[PDB]
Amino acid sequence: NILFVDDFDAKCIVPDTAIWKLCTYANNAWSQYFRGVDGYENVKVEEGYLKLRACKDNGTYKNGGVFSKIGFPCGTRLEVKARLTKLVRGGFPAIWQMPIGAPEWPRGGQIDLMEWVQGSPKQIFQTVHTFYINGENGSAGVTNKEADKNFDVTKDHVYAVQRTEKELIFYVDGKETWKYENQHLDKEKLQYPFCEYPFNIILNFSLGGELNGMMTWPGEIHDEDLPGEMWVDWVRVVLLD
C-alpha cells in the first residue's frame, strides 16, 4: 500500500520540481554550505539515482540537497535506499524528516533516519529531536546508542522510520534498530509532536568543519577526500493497514 514513491527514473536530469526543492543557506552545520550553490549544480537524477554531491568549487564548499514540498501523515513508514560513493572526512550526509507548518524548531520535532560523521565512521546515527528532549537551545536530541558499529555506509542500505500515534520504529535493511515512544504526557510538554504535523523528506550531503569558529559534529573537512556523493535509488512512504 504505497502512498508515495520516487524511483528517480523520470526522463529528467533534475528531481521532480513539484515534489523536490533545493536546500537553501542557513547559518547551521547542515545548511551553511548551500550558500552560493547555483541551482542544480550539486543535484541531478542520472541512471535511476538522485545524486547529491559535496565538493569544493574554487575555495567554496558546496552541499547537495533537496527537501520534499509535500509531507505525510501518521500511520506510515518512510523507506530510503541510499549509499555514499566514498567516505569523506567532514562529510555530513543525512536522510531525515521535518514537520511542515509546526512552531519554531524543535517544537514540532525532527526525525533522522541516517546521519554519518567521521568521528564514528563504521556506524550511522538515528536520532529524534523534540522541545521535551532539546529545550530552547539543545541540539543533541536522543540517538540510538546501541547503533550497529560494524556498518559500511558506502553500500546500498534501506533506512526507514515507521511513525504512529504510539511510537517511531527505526529500521536499517528491514531490521528494527530502536523505538522512540509516546509517553502520553500533557500535550503542553511537547514530548510526542510527530502526529500533529505532516513530515517531509530531506536528502542531503553536507560539509562540516567550523561553524562560527566552532567545530561541528561531523568535524574537520579533508579537501583531498572531495568530491563525494550520496546516491538515492528511491524513497517510498507506505500506508500501514
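All residue numbers refer to positions in the sequence shown, first residue = 1.
With 148-156 and 106-114 compared on mean CA B-factor from the PDB entry, the stretch scoring higher is 148-156.
Taking the mean C-alpha B-factor of each stretch as recorded, 220-228 and 10-18 are not equal, and the higher mean is that of 220-228.
The PDB entry gives the largest Cα B-factor of the residues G213, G48, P198, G64 to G213. Out of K81, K86, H129, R163, it is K86 whose C-alpha atom has the highest B-factor in the PDB entry.
Annotation for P73: CA B-factor lies in the middle third of the chain's modelled residues.
In the deposited entry, the Cα temperature factor of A140 places it in the highest third of its chain's modelled residues. Ranked by Cα temperature factor within the chain, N58 sits in the highest third according to the deposited record. Sort the chain's modelled residues by C-alpha temperature factor and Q183 lands in the middle third, per the entry. Ranked against the other modelled residues of its chain, the C-alpha B-factor of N27 as given in the entry falls in the highest third.
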